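A short write-up of the structure that comes next.
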Amino acid sequence: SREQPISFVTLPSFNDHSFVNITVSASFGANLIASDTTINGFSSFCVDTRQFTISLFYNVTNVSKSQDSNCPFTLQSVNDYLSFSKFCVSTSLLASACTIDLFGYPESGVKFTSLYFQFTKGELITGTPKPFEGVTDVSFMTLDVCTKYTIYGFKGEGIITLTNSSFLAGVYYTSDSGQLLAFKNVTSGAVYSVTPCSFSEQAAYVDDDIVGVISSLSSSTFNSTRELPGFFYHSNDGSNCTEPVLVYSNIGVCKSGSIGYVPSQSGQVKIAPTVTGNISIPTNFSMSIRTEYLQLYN
Amino acid sequence: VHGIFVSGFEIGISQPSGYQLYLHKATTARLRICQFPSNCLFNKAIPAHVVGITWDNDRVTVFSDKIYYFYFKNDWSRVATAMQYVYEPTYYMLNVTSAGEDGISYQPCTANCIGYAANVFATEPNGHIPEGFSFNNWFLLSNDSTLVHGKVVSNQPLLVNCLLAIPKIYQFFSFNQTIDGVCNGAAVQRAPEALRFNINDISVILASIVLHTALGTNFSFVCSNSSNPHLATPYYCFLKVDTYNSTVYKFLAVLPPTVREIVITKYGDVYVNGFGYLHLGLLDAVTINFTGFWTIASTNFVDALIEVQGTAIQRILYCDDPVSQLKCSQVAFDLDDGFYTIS
Amino acid sequence: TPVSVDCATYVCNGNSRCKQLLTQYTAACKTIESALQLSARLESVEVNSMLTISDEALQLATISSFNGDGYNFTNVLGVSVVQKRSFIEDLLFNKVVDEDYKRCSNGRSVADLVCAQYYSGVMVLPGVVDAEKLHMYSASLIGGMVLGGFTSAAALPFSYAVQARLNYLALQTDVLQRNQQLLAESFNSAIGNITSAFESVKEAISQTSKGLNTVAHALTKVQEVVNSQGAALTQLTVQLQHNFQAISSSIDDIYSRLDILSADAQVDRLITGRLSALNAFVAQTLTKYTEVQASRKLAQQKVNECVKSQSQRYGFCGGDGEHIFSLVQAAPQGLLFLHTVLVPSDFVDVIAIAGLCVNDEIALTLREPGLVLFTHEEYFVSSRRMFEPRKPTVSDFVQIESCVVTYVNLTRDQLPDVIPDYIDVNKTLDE
Amino acid sequence: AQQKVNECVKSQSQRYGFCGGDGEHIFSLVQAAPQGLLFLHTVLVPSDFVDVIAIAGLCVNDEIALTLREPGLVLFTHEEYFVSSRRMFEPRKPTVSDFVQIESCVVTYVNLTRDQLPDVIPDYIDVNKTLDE
Amino acid sequence: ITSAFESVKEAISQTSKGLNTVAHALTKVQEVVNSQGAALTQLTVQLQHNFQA
Amino acid sequence: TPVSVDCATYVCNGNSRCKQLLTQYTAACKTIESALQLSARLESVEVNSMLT
Ligand SMILES: *[C@@H]1O[C@H](CO)[C@@H](O[C@@H]2O[C@H](CO)[C@@H](O[C@@H]3O[C@H](CO[C@H]4O[C@H](CO[C@H]5O[C@H](CO)[C@@H](O)[C@H](O)[C@@H]5O)[C@@H](O)[C@H](O)[C@@H]4O[C@@H]4O[C@H](CO)[C@@H](O)[C@H](O)[C@H]4NC(C)=O)[C@@H](O)[C@H](O[C@H]4O[C@H](CO)[C@@H](O)[C@H](O)[C@@H]4O[C@H]4O[C@H](CO)[C@@H](O)[C@H](O)[C@@H]4O)[C@@H]3O)[C@H](O)[C@H]2NC(C)=O)[C@H](O)[C@H]1NC(C)=O
Ligand SMILES: *[C@@H]1O[C@H](CO)[C@@H](O[C@@H]2O[C@H](CO)[C@@H](O[C@@H]3O[C@H](CO)[C@@H](O)[C@H](O)[C@@H]3O)[C@H](O)[C@H]2NC(C)=O)[C@H](O)[C@H]1NC(C)=O
Ligand SMILES: *[C@@H]1O[C@H](CO)[C@@H](O[C@@H]2O[C@H](CO)[C@@H](O)[C@H](O)[C@H]2NC(C)=O)[C@H](O)[C@H]1NC(C)=O
Ligand SMILES: *[C@@H]1O[C@H](CO)[C@@H](O[C@@H]2O[C@H](CO)[C@@H](O)[C@H](O)[C@H]2NC(C)=O)[C@H](O)[C@H]1NC(C)=O
Ligand SMILES: *[C@@H]1O[C@H](CO)[C@@H](O[C@@H]2O[C@H](CO)[C@@H](O)[C@H](O)[C@H]2NC(C)=O)[C@H](O)[C@H]1NC(C)=O
Ligand SMILES: *[C@@H]1O[C@H](CO)[C@@H](O[C@@H]2O[C@H](CO)[C@@H](O)[C@H](O)[C@H]2NC(C)=O)[C@H](O)[C@H]1NC(C)=O
Ligand SMILES: *[C@@H]1O[C@H](CO)[C@@H](O[C@@H]2O[C@H](CO)[C@@H](O)[C@H](O)[C@H]2NC(C)=O)[C@H](O)[C@H]1NC(C)=O
Ligand SMILES: *[C@@H]1O[C@H](CO)[C@@H](O[C@@H]2O[C@H](CO)[C@@H](O)[C@H](O)[C@H]2NC(C)=O)[C@H](O)[C@H]1NC(C)=O
Ligand SMILES: *[C@@H]1O[C@H](CO)[C@@H](O[C@@H]2O[C@H](CO)[C@@H](O)[C@H](O)[C@H]2NC(C)=O)[C@H](O)[C@H]1NC(C)=O
Ligand SMILES: *[C@@H]1O[C@H](CO)[C@@H](O[C@@H]2O[C@H](CO)[C@@H](O)[C@H](O)[C@H]2NC(C)=O)[C@H](O)[C@H]1NC(C)=O
Ligand SMILES: *[C@@H]1O[C@H](CO)[C@@H](O[C@@H]2O[C@H](CO)[C@@H](O)[C@H](O)[C@H]2NC(C)=O)[C@H](O)[C@H]1NC(C)=O
Ligand SMILES: *[C@@H]1O[C@H](CO)[C@@H](O[C@@H]2O[C@H](CO)[C@@H](O)[C@H](O)[C@H]2NC(C)=O)[C@H](O)[C@H]1NC(C)=O
Ligand SMILES: CCCCCC/C=C\CCCCCCCC(=O)O
Ligand SMILES: CCCCCC/C=C\CCCCCCCC(=O)O
Ligand SMILES: *[C@@H]1O[C@H](CO)[C@@H](O)[C@H](O)[C@H]1NC(C)=O
Ligand SMILES: *[C@@H]1O[C@H](CO)[C@@H](O)[C@H](O)[C@H]1NC(C)=O
Ligand SMILES: *[C@@H]1O[C@H](CO)[C@@H](O)[C@H](O)[C@H]1NC(C)=O
Ligand SMILES: *[C@@H]1O[C@H](CO)[C@@H](O)[C@H](O)[C@H]1NC(C)=O
Ligand SMILES: *[C@@H]1O[C@H](CO)[C@@H](O)[C@H](O)[C@H]1NC(C)=O
Ligand SMILES: *[C@@H]1O[C@H](CO)[C@@H](O)[C@H](O)[C@H]1NC(C)=O
């Protein structure tokens with residue numbers, strides 16, 4: 001089936017934001033004369049606030065710039081609501097850390113700096129794109145519409161609706177496939193249910209066109225919709241189907257797209273042997289030829 | 001009649017698609033919980049000589065010598081066969097010091113009877129939580145996700161060394177030694193791997209919990225409602241990180257309206273309502289200080305088979321006994337007749 | 001029950017960049033989907049083509065239209081009320097056991113397993129045959145046993161249907177019609193034992209009793225067929241969890257964390273892994289359809305040979321006994337057959353006569369190899385299958401040119417006391 | 001396929017429904033096909049039925065019960081007494097060699113006398129009457 | 001039958017394309033032939049695969 | 001001839017830490033063992049039932 005609103009859910013928090021200002025100073029192209037990279041003035045910095053933003057600034061005299069990243073995230077993507085339980089950045093080597101290499105091409109390129117990222121996963125620290133202002137509750141979402149979301153670390157698109165279910169444990173619930181199915185709003189206790197923005201459906205193709213659609217949605221571009229037990233059927237013909245073209249089980253679809261049920265197939269009546277009374281004896285026989293194919297070899 | 005007791009004789013309990021119960025004895029009973037007209041969930045003989053069956057919610061309890069617990073979504077309203085037909089529950093406080101039939105008392109229960117009964121149990125000699133316990137505020141501890149429904153075999157801090165009922169602290173709980181206090185029922189002389197706190201009224205603590213790390217940093221939970229002399233620049237909780245040369249306050253969370261359980265492990269994981277919210281470094285001890293809990297228990301991590309319904313815990317089987325170890329491997333509380341592979 | 005899987009949704013679950021990458025593998029998706037759509041179409045055609053229904057016969061299978069006589073059939077026949085399942089059919093379906101997808105698009109509830117599989121692109125189709133159609137089919141086959149002809153006032157009394165079947169095994173000479181009552185009573189006991197076997201068989205069943213062609217065996221088989229039905233669906237679904245050497249198992253995760261080209265590279269790893277999972281699913285699914293077709297072909301042979309007709313193949317219907325008639329009941333995913341077979345309780349010990357010789361001129365033997373001449377229990381003939389004696393007649397014997405040492409030495413004046421209808425015409429004419 | 005050739009092509013199957021399905025088998029033809037064989041099964045299908053009343057058997061003068069020897073042959077009076085295979089309405093009059101004697105009569109047998117027998121079974125001869133008269 | 005083998009699809013009903021019919025048998029023959037090389041191409045395509053080299 | 005395989009021994013050959021890790025996959029082991037134990041039981045019943 002067939003500009004998304006952005007939704008974002010974390011464990012409840014208020015605006016608590018700090019910046020990680022990474023400044024790369026350099027002068028050249030005859031390579032470098034000098035360079036120096038600092039993070040908030042310091043040689044290293046760790047985040048101690050619930051939200052943070054990384055902002056990379058260049059102060060380079062002569063230059064094209066780019067990054068080579070061995071991390072799960074880039075310096076720009078780290079600010080798209082990714083969540084961590086711990087997060088430290090250093091120009092020095094940290095144990096168990098990934099590296100982002102910052103290069104310049106001055107017009108004979110050079111490496112300006114190596115940023116080492118030491119982190120662990122969880123909900124406490126979130127790389128939001130900016131500070132929040134006038135915000136008592138950082139989390140937000142738009143309901144009953146297709147939205148792009150980041151919920152408790154899960155990203156994707158879907159429709160978030162409110163359910164009447166209630167659970168006493170944890171924060172979120174998932175499928176066997178690892179997808180988010182539902183999540184809890186910790187402050188209110190409400191549980192929300194998340195569905196895909198599009199669904200699989202079966203189309204009836206006859207001749208050269210789509211004659212109708214069997215689906216889970218009541219909304220389509222067809223002008224006639226019927227509700228069948230277990231599915232909806234879209235067509236441009238809502239009448240009884242008497243001459244099916246496509247058949248599955250007892251469901252038949254006519255070339256006009258009308259849909260109806262296919263009656264049980266009748267067949268040959270055989271007569272029971274009888275010792276006494278009213279019986280019928282077959283006559284006026286004619287030949288009929290049946291066709292069967294059996295494979296003999298491969 | 002929720003409860004029917006008796007002092008051939010028979011008991012018949014009914015609502016047709018589900019199970020209905022029949023029991024018959026004469027002066028051992030045959031108990032049959034089956035899809036009776038006008039197969040079986042249970043069909044066996046039970047020792048017998050009062051005798052009675054009580055059913056509420058989705059549990060049926062059979063009282064005939066050993067108390068048997070059957071877990072099933074039953075729907076019963078009337079019962080047919082001196083007899084006692086019981087439609088209203090009661091409560092008794094039992095004082096057992098004697099470890100035999102000569103219980104000291106069955107005193108009428110006068111206060112907080114529902115809560116006490118739901119949260120307080122005596123520990124068995126092997127550290128097991130006795131069958132029939134409701135696990136009212138007990139949660140499975142999961143860092144991510146929640147098992148809403150199904151049967152799981154998992155390693156959880158469910159083995160009880162010591163349970164302190166209705167504690168009064170006015171106490172240092174070490175992870176290297178046993179916990180001081182008077183244990184309810186059996187006790188095991190082992191240090192905890194985890195401390196499980198079953199909360200009655202959180203305002204008692206909000207009105208002190210300190211995690212003492214291995215390297216000497218003291219982590220204190222500080223919560224406040226509309227008062228922030230040192231916190232500024234509904235309760236909000238901050239983690240005071242107190243080291244020898246520095247004290248800072250890290251904001252952790254807005255306090256959830258209801259907190260039923262907090263579990264603090266030796267490895268530092270802190271779980272509130274089963275979500276593994278904060279992981280710290282290794283802990284040596286937890287200090288509790290207040291003038292609030294139903295229970296505090298010292299537990300250890302064991303493999304167990306847990307049935308989960310609506311995220312709630314029921315029917316925990318411990319994988320210690322060889323029979324139980326087989327049941328854990330087949331992920332089933334009941335295993336049919338057959339040959340099974342064991343080592 | 002057929003399954004159909006949307007390749008793109010399974011592999012690229014709504015991510016449009018992923019779908020653009022997937023395009024280079026479109027042929028794989030076409031192959032996967034074609035195999036599942038065509039196989040489902042074929043199963044639909046063959047099952048519905050096979051299960052035809054006779055209206056003349058269906059009408060004779062109700063409690064009131066089926067004129068059982070002695071023989072009970074209450075727990076076999078359907079229930080007029082619109083018509084419902086028979087008692088035995090109801091026990092089997094309730095003991096062991098189409099999806100609604102209109103709800104999966106609503107949100108409002110937390111998705112269950114079916115909706116979660118649906119969201120992933122896996123659709124479980126409606127059954128090719130409804131349970132009510134299996135019921136009407138079975139009712140037609142039973143009602144047909146009493147369809148002795150058309151336009152008649154009433155269904156053939158069941159006992160006449162039985163007497164005709166008995167005559168085919170052996171001509172009956174005991175025509176007192178008491179034997180029909182005795183057989184009806186054993187029939188009714190057998191139905192009662194089956195009906196009861198379906199209700200807590202495990203309370204007292206021996207190794208002999210739970211073996212082949214028994215209720216416990218057949219019932220166990222029905223449960224295994226039903227219990228394993230979703231086994232492949234959950235392997236396909238679980239594999240979506242798998243991280244095929246990427247930052248995340250989630251495509252949206254990868255594109256939202258890495259730059260586009262690095263993300264492309266990892267999404268392609270996930271695509272290959274997901275296409276592999278689909279191919280494994282299809283291979284398992286197609287294999288299962290083949291096994292079921294083999295069972296379906298046998299079921300069709302059993303209906304045509306054990307239900308609509310009386311098999312002459314020893315051991316085919318029921319096994320180890322003489323077949324009279326079989327009944328069919330609807331069952332989860334198929335049909336259950338009740339084979340009514342005669343078993344002897346006693347044997348009559350007689351001495352067989354190879355043949356007769358008359359006055360050293362004529363050797364007389366029986367024409368039919370299945371008929372035996374004997375003197376114990378006067379000369380009589382009976383089918384070798386049942387001790388149903390009658391005296392021999394002239395039309396029973398043929399002339400053989402030579403005698404053997406095993407033939408009885410008779411004269412012409414004794415012949416008439418061996419074969420009562422034998423006439424020596426010359427003596428009657430001369431004397 | 002081998003069973004079909006041996007049973008439907010080289011011989012006439014007695015198994016209802018094996019060859020063709022739902023009808024009376026006469027003969028089958030085989031044609032070559034890609035990777036195997038295609039069978040053409042020629043089967044008879046009735047167009048009409050003849051409605052008759054079946055006779056369970058005859059009794060003669062309360063002494064002899066006469067029934068047909070072959071279970072697949074049916075005695076009837078509609079469409080004079082005739083016999084035909086239950087499979088096809090191909091009547092002929094019955095003969096002596098069609099019947100056997102049964103010790104007992106039932107309520108469903110026709111009550112005949114010896115002077116009527118010959119008009120039921122044309123080849124029946126009462127030898128004593130021919131000899132005495 | 002002879003005619004059924006030549007454009008059966010122009011006017012064939014659900015009853016007529018079921019078991020023991022020309023359309024069914026003919027469809028089966030095509031499926032047997034069309035799938036004949038299906039395994040050969042999986043074996044051949046896998047030669048393309050780079051097993052971490 | 002039927003075969004039966006001890007899932008834990010095959011996967012974790014006596015190592016107790018491995019078995020603790022294996023526990024999260026207990027359902028896989030139950031599935032593997034059940035299929036082999038039940039299939040062996042069925043072949044035993046049908047062959048011995050048939051060969052009277
Ligand atoms: C949410 O995520 C959390 C984070 O992953 C999960 O936390 C994990 O939980 C499990 C289960 O409890 C922990 O497993 C346990 O690990 C214990 C020790 O591991 C540290 O120390 C080891 C060195 O000493 C141990 O091992 C040696 C042999 O190597 C033995 O000789 C010693 O006696 C001792 O047992 C070391 O090898 C490990 O690498 C590890 O080091 C730590 O690494 C982290 C990484 O950053 C580092 O930060 C730490 O500082 C570092 N530690 C140090 C000291 O430097 C281990 O002892 C446990 O085995 C015992 O206990 C378990 C039950 O918990 C029993 O099953 C065992 O049989 C054994 O029992 C013994 O001790 C019991 C304790 O009282 C006692 O009662 C018994 O009688 C018996 O004597 C166990 O394997 C895991 O450590 C932990 N993760 C981390 C990294 O902390 C949560 O589970 C998860 N929550 C959920 C469920 O959702
Ligand atoms: C999870 O549920 C909670 C609780 O309902 C939601 O928080 C609620 O958010 C609304 C909208 O911002 C708040 O209303 C506001 O009140 C302030 C005054 O306090 C007013 O100035 C604003 O104009 C607005 O009306 C409401 O106070 C707040 N409730 C509580 C107790 O937190 C929350 O929005 C939900 N989570 C997400 C994803 O937003
Ligand atoms: C990092 O850079 C940010 C800019 O993104 C600095 O924040 C600015 O601070 C100046 C101080 O006069 C204000 O005028 C701006 O309004 C601020 N901008 C924003 C977007 O906040 C911040 O000072 C730097 N942080 C550190 C730690 O050096
Ligand atoms: C860009 O880098 C230059 C150095 O190349 C910085 O200039 C220095 O500023 C520091 C701090 O005030 C002084 O101590 C040095 O004397 C300056 N060096 C020079 C070359 O004059 C400059 O501050 C940087 N600009 C930004 C945007 O930070
Ligand atoms: C849906 O739209 C179709 C057109 O695509 C409608 O069919 C037309 O009906 C009008 C009625 O006045 C006729 O005049 C036209 O000749 C029809 N067009 C076609 C397809 O030939 C159809 O009526 C609509 N479906 C429903 C719900 O009726
Ligand atoms: C398809 O045909 C069915 C059968 O006639 C229609 O169902 C009937 O709907 C009428 C409405 O006037 C009812 O009175 C009957 O009781 C229904 N019959 C039954 C039992 O199905 C159906 O309306 C037709 N579908 C469409 C939309 O054309
Ligand atoms: C963390 O708290 C503990 C417990 O109070 C402190 O340990 C105490 O240290 C004082 C120092 O005068 C001793 O008198 C007590 O005997 C100690 N008590 C215990 C039980 O150890 C410890 O100093 C604190 N750590 C920090 C960072 O201040
Ligand atoms: C034929 O079978 C029916 C059905 O089992 C028998 O009717 C049952 O009779 C019993 C007598 O105890 C009743 O309890 C059941 O309620 C009846 N069932 C139904 C549905 O009728 C009947 O007895 C049998 N008759 C013969 C002649 O055996
Ligand atoms: C077939 O059954 C008949 C009837 O039951 C058996 O005849 C019985 O024989 C026993 C021998 O102990 C006598 O006690 C009964 O009185 C007989 N019953 C009657 C009234 O006939 C007969 O034995 C069986 N046939 C064979 C071959 O044994
Ligand atoms: C029935 O007649 C046969 C044929 O004459 C007898 O068998 C013969 O017995 C004599 C005895 O001297 C032999 O010489 C012949 O060789 C035998 N002939 C055959 C056919 O082998 C037989 O003895 C007679 N049986 C009875 C019961 O009287
Ligand atoms: C078998 O076929 C014959 C021959 O067609 C049928 O006899 C015909 O009966 C119809 C009745 O409407 C007459 O109109 C024709 O004149 C008859 N044809 C002739 C010349 O016989 C006969 O009806 C069929 N048999 C049965 C049992 O109906
Ligand atoms: C044919 O003869 C039989 C046998 O005599 C008749 O059936 C008998 O009818 C009388 C009427 O009083 C009953 O007393 C007997 O019990 C019956 N005997 C049997 C065998 O049940 C029958 O009526 C005669 N039928 C015709 C067509 O005349
Ligand atoms: C005295 C401090 C005890 C209470 C500490 C509260 C801990 C943080 C509160 C937020 C918890 C959010 C994650 C778990 C909440 C939940 O699952 O309902
Ligand atoms: C060391 C063990 C040797 C194994 C010998 C096996 C002999 C007995 C068979 C036990 C397994 C039978 C398969 C399961 C049958 C059942 O479920 O009843
Ligand atoms: C409440 O949620 C349950 C979940 O199963 C659902 O079945 C029911 O329809 C819901 N009730 C309401 C209020 O709609
Ligand atoms: C139970 O009796 C014991 C005596 O051993 C006593 O110490 C304790 O206070 C009593 N507990 C209650 C329930 O009062
Ligand atoms: C306390 O921990 C130390 C660590 O070495 C250990 O040696 C000692 O046995 C522990 N004390 C107790 C009471 O177990
Ligand atoms: C039975 O046969 C008779 C005579 O052939 C006929 O009159 C009747 O209509 C037939 N059907 C019935 C009503 O039994
Ligand atoms: C009876 O006479 C006929 C006259 O043709 C003769 O053929 C036959 O052999 C004789 N039968 C006997 C018993 O001799
Ligand atoms: C005719 O006479 C013969 C002479 O043996 C006798 O056996 C037979 O019973 C008689 N038949 C009739 C019709 O009485």
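Scheme for the structure tokens: letters A, B, ... for chains in order shown; per-chain residue numbers from 1; ligand numbers from 1 in order shown.
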Would you name the residues within 9 Å of ligand 8, counting only C-alpha atoms and all ligand atoms, and put them as number ranges by chain? C: 69-75, 87, 185, 188-189, 191-192, 195
Residues from the last selection, C-alpha atoms, saved as a PDB file, in the first residue's frame:
ATOM      1  CA  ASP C  69     -31.800 -49.196  11.410  1.00  0.00           C
ATOM      2  CA  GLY C  70     -30.102 -50.912  14.319  1.00  0.00           C
ATOM      3  CA  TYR C  71     -26.911 -49.077  13.361  1.00  0.00           C
ATOM      4  CA  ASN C  72     -26.751 -45.814  15.322  1.00  0.00           C
ATOM      5  CA  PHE C  73     -24.675 -43.122  13.477  1.00  0.00           C
ATOM      6  CA  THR C  74     -25.792 -40.287  15.817  1.00  0.00           C
ATOM      7  CA  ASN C  75     -22.209 -39.266  16.539  1.00  0.00           C
ATOM      8  CA  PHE C  87     -20.198 -35.121  17.728  1.00  0.00           C
ATOM      9  CA  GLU C 185     -24.809 -54.095  17.959  1.00  0.00           C
ATOM     10  CA  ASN C 188     -22.695 -49.457  17.904  1.00  0.00           C
ATOM     11  CA  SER C 189     -20.213 -50.699  20.471  1.00  0.00           C
ATOM     12  CA  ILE C 191     -18.657 -46.281  17.662  1.00  0.00           C
ATOM     13  CA  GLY C 192     -19.058 -45.900  21.380  1.00  0.00           C
ATOM     14  CA  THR C 195     -16.244 -41.756  20.606  1.00  0.00           C
TER      15      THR C 195
END
Got a sec to check which residues lie within 6 Å of ligand 13, using only C-alpha atoms and all ligand atoms, and send them as a ChimeraX atom specification? /A:11,169-171,186 /B:205-206,209,221,253-256,272-273,275,277
Quick one: residues within 10 Å of ligand 5, with only C-alpha atoms and all ligand atoms, as a list in words? residues 221, 222, 223, 224, 225, 234, 235, 236, 237, 238, 239 and 256 of chain A
Selection as number ranges by chain: residues within 12 Å of ligand 19 by only C-alpha atoms and all ligand atoms: C: 358-359, 361-362, 411-413, 415, 422-430
Output of the above residues as a PDB file, in the first residue's frame, restricted to N, CA and C atoms:
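Once written, selection-v8.pdb looks like this:
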ATOM      1  N   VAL C 358     -18.296 -89.240 -11.264  1.00  0.00           N
ATOM      2  CA  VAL C 358     -19.498 -90.026 -11.367  1.00  0.00           C
ATOM      3  C   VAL C 358     -19.368 -91.156 -12.371  1.00  0.00           C
ATOM      4  N   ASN C 359     -19.466 -92.367 -11.838  1.00  0.00           N
ATOM      5  CA  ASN C 359     -19.412 -93.627 -12.563  1.00  0.00           C
ATOM      6  C   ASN C 359     -18.173 -93.755 -13.428  1.00  0.00           C
ATOM      7  N   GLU C 361     -16.968 -91.846 -15.442  1.00  0.00           N
ATOM      8  CA  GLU C 361     -17.092 -91.182 -16.735  1.00  0.00           C
ATOM      9  C   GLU C 361     -16.960 -89.676 -16.640  1.00  0.00           C
ATOM     10  N   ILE C 362     -17.524 -89.088 -15.588  1.00  0.00           N
ATOM     11  CA  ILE C 362     -17.514 -87.637 -15.484  1.00  0.00           C
ATOM     12  C   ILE C 362     -16.835 -87.074 -14.260  1.00  0.00           C
ATOM     13  N   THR C 411     -21.586 -92.956  -7.841  1.00  0.00           N
ATOM     14  CA  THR C 411     -22.290 -93.467  -9.009  1.00  0.00           C
ATOM     15  C   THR C 411     -23.453 -92.573  -9.374  1.00  0.00           C
ATOM     16  N   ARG C 412     -24.095 -92.892 -10.478  1.00  0.00           N
ATOM     17  CA  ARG C 412     -25.199 -92.074 -10.967  1.00  0.00           C
ATOM     18  C   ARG C 412     -26.402 -92.056 -10.040  1.00  0.00           C
ATOM     19  N   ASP C 413     -26.576 -93.110  -9.256  1.00  0.00           N
ATOM     20  CA  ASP C 413     -27.695 -93.217  -8.333  1.00  0.00           C
ATOM     21  C   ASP C 413     -27.422 -92.508  -7.019  1.00  0.00           C
ATOM     22  N   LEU C 415     -25.429 -89.492  -7.154  1.00  0.00           N
ATOM     23  CA  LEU C 415     -25.307 -88.081  -7.611  1.00  0.00           C
ATOM     24  C   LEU C 415     -26.439 -87.230  -7.022  1.00  0.00           C
ATOM     25  N   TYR C 422     -29.884 -82.447  -9.545  1.00  0.00           N
ATOM     26  CA  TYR C 422     -29.437 -83.246 -10.666  1.00  0.00           C
ATOM     27  C   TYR C 422     -30.500 -84.211 -11.128  1.00  0.00           C
ATOM     28  N   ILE C 423     -30.746 -84.219 -12.429  1.00  0.00           N
ATOM     29  CA  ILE C 423     -31.711 -85.123 -13.014  1.00  0.00           C
ATOM     30  C   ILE C 423     -31.066 -86.022 -14.046  1.00  0.00           C
ATOM     31  N   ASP C 424     -31.247 -87.323 -13.884  1.00  0.00           N
ATOM     32  CA  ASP C 424     -30.784 -88.263 -14.881  1.00  0.00           C
ATOM     33  C   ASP C 424     -31.962 -88.382 -15.812  1.00  0.00           C
ATOM     34  N   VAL C 425     -31.871 -87.717 -16.960  1.00  0.00           N
ATOM     35  CA  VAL C 425     -33.032 -87.608 -17.812  1.00  0.00           C
ATOM     36  C   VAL C 425     -33.388 -88.941 -18.422  1.00  0.00           C
ATOM     37  N   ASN C 426     -32.402 -89.767 -18.730  1.00  0.00           N
ATOM     38  CA  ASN C 426     -32.732 -91.041 -19.335  1.00  0.00           C
ATOM     39  C   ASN C 426     -33.504 -91.915 -18.376  1.00  0.00           C
ATOM     40  N   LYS C 427     -33.144 -91.897 -17.103  1.00  0.00           N
ATOM     41  CA  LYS C 427     -33.925 -92.715 -16.206  1.00  0.00           C
ATOM     42  C   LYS C 427     -35.324 -92.171 -16.048  1.00  0.00           C
ATOM     43  N   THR C 428     -35.493 -90.853 -16.001  1.00  0.00           N
ATOM     44  CA  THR C 428     -36.855 -90.389 -15.828  1.00  0.00           C
ATOM     45  C   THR C 428     -37.725 -90.705 -17.040  1.00  0.00           C
ATOM     46  N   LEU C 429     -37.133 -90.665 -18.230  1.00  0.00           N
ATOM     47  CA  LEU C 429     -37.852 -90.955 -19.461  1.00  0.00           C
ATOM     48  C   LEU C 429     -38.162 -92.442 -19.641  1.00  0.00           C
ATOM     49  N   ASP C 430     -37.204 -93.311 -19.293  1.00  0.00           N
ATOM     50  CA  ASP C 430     -37.361 -94.754 -19.460  1.00  0.00           C
ATOM     51  C   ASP C 430     -38.211 -95.393 -18.373  1.00  0.00           C
TER      52      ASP C 430
END
Residues contacting ligand 18 - anything with an atom at most 8 Å away, using only C-alpha atoms and all ligand atoms - can you give me those as a short mmCIF file (atom, residue, chain, number, x, y, z; two decimals) with C-alpha atoms, in the first residue's frame?
data_model
loop_
_atom_site.label_atom_id
_atom_site.label_comp_id
_atom_site.auth_asym_id
_atom_site.auth_seq_id
_atom_site.Cartn_x
_atom_site.Cartn_y
_atom_site.Cartn_z
CA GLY A 277 -36.95 -51.58 -3.48
CA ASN A 278 -36.60 -48.47 -5.59
CA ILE A 279 -33.30 -48.42 -7.44
CA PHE C 150 -33.16 -41.25 -7.49
CA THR C 151 -36.76 -40.00 -6.93
CA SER C 152 -37.39 -42.64 -4.27
CA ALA C 153 -39.59 -41.98 -1.23
CA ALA C 154 -36.79 -42.41 1.29
CA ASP D 51 -35.97 -46.50 -12.53
CA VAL D 52 -36.88 -50.05 -11.54
CA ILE D 53 -38.05 -52.03 -8.52
CA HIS D 78 -40.18 -52.77 -14.53
#
